[PDB]
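Step one of this worksheet: look at the structure below.
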There are 2 protein chains.
Amino acid sequence: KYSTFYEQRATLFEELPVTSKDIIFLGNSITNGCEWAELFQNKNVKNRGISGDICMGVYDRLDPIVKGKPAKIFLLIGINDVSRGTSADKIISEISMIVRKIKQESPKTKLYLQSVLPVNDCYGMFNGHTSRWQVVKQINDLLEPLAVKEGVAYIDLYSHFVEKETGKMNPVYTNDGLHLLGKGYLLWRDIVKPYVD
Amino acid sequence: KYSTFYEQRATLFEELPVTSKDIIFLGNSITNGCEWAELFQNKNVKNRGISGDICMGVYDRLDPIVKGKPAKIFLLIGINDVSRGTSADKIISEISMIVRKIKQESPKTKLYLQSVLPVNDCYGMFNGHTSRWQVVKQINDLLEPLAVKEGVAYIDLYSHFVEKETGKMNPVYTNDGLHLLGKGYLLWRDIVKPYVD
Ligand code: NA
Ligand code: NA
C-alpha cells in the first residue's frame, strides 16, 4: 500500500511545476497531513509529503524538486526508517546524501533540517515506531552537528513537542502517538513561521 | 486507523478558516490525494478530503466549511460506503442530506456533484471496493436526477475515466484499481477547469 501510494503522489509531483519562489515541505505522513499553504496563508508553500516515506524514498524523488531551484526546503524524515529497525547512524548517513544532492543541484536553495519529532506509546498504536522512542533523541543528537558541518539550518521542533519528564511526545498533540492533531500543526507553524517569511 | 486519521484532518480543518472566495474540494482519499491549489494555480482552491471518509463522515464535519459560506463546493464521495456493502439507495439518501444541509446553511454556495469514479479489479487490490464495480453505475444513474431535483450541478467524470468495453476504470489512470496517478488528476483538471474559473 505504501509503494502504490508513493507512486501516486510521486507521479502527481512530476506534473506540478516547482519555481524559484517556492517553499517546499518535504517528508513523510507528518508532512503529508497538513495543508501547508493554508497554514501559512502563502501561495508559494507547497506540500511534497508522502505518507510512509523513508530517507531513500525522498532521495529517489528529488529531481522534480531540485530542478525547479526552489527558495526553501523544509525536510522532516526518518521516523519510518526507525520503524524498520535502521540505526541512527545509517539514517544520518542517508540524510547526508539528501543534503549533498540538494546543495549540488540547487546551491541557492535554503535547506532547513527539522528535528525528528518524539513519539508516544501510550495509545498503543504504531508499535514499530513508538517502541523505539529513544532512537529519536539519538538521531537529533547527530542531526544538529550534521547541519552545522554542511552549512544548513537546524530547527528544534523536538523540544517543544516533548515532555521533558518522559522523553515522549506530549499526548495533547496526538491521538495515536505518531501523527499530529490540528493543535500540533499550529505549534509547528508558530516555530517555523519566522523561517518562512 | 481511519477514525484517528479522520480526527487528525478534521481538527486541522477546524483551525483553517474558510472564506467566501474559497473553492472547496470535499471527499475521501481520491480528493485527499491531490494538491488542488497547485493543480489549478489558484490560491482559493482548498483540499478538504480525508482518506477513508464515508457519506456520514462528510456530513458530520460540514460545519467548519458551511460557516465560511464558500463560493463553490466540489463533492465526490460514496465509494467507501460501497466497500461496506451499503446499497446505492442509502448512499443517495445520505448524499441528499449533505446537499440539503449545504443549501440551507449556505444558500449562495454553488454545489457541484461529481460522479463516483469507476474502479477496476485487474490489480487485485481493495477487493471490497473493486468487486462491486457495477454499483458505481447504479449510484450515478440516481445521482444525476438528484442533482436536477435539487437545482445543483452534476459533473460526469465517470464517462472520461471508464472503458466502455468493461465498465471499469481505464488502467492507465490507476496503479491499484481505485486511486489516481498523476495523469488521472490531469484529466480531472481538464474536465472541471471551466467550472472553477
Ligand atoms: Na490526545
Ligand atoms: Na496502471
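Every chain is numbered from 1, with letters handed out A, B, ... down the list of sequences. Below, all heavy atoms of this structure are taken into account, side chains as well, without hydrogens, waters or symmetry copies. When a ligand or atom number is given, it counts from 1 through the structure's own listing order.
- Applying the salt bridge (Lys or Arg N to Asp or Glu O under 4.0 Å) test to every pair with at least one member in residues 114-142 of chain A, sequence neighbours left out, gives these pairs: A:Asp121-A:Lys168, A:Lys137-A:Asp141.
- At most 12 non-hydrogen atoms from other residues, nucleotides or ligands lie less than 6.0 angstrom from CD of B:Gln41.
- Inspection of the A:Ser29 and A:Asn32 side chains reveals no N or O donor paired with an N or O acceptor under 3.5 Å.
- Listed by first then second residue, pairs satisfying salt bridge (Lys or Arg N to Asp or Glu O under 4.0 Å) with a partner in residues 169-196 of chain A read A:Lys193-A:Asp197, not counting sequence neighbours.
- Closer than 3.0 Å to the Na ion (ligand 1) sit the protein N, O or S atoms A:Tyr123 OH, A:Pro171 O, A:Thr174 O.
- Remark: the A:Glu35 side chain and the A:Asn47 side chain contain no N/O donor-acceptor pair separated by less than 3.5 Å.
- Applying the under-4.5 Å side-chain rule to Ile, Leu, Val, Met, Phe, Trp and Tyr, the cluster around A:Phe5 extends to A:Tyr2, A:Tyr6, A:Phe13, A:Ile50, A:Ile54.
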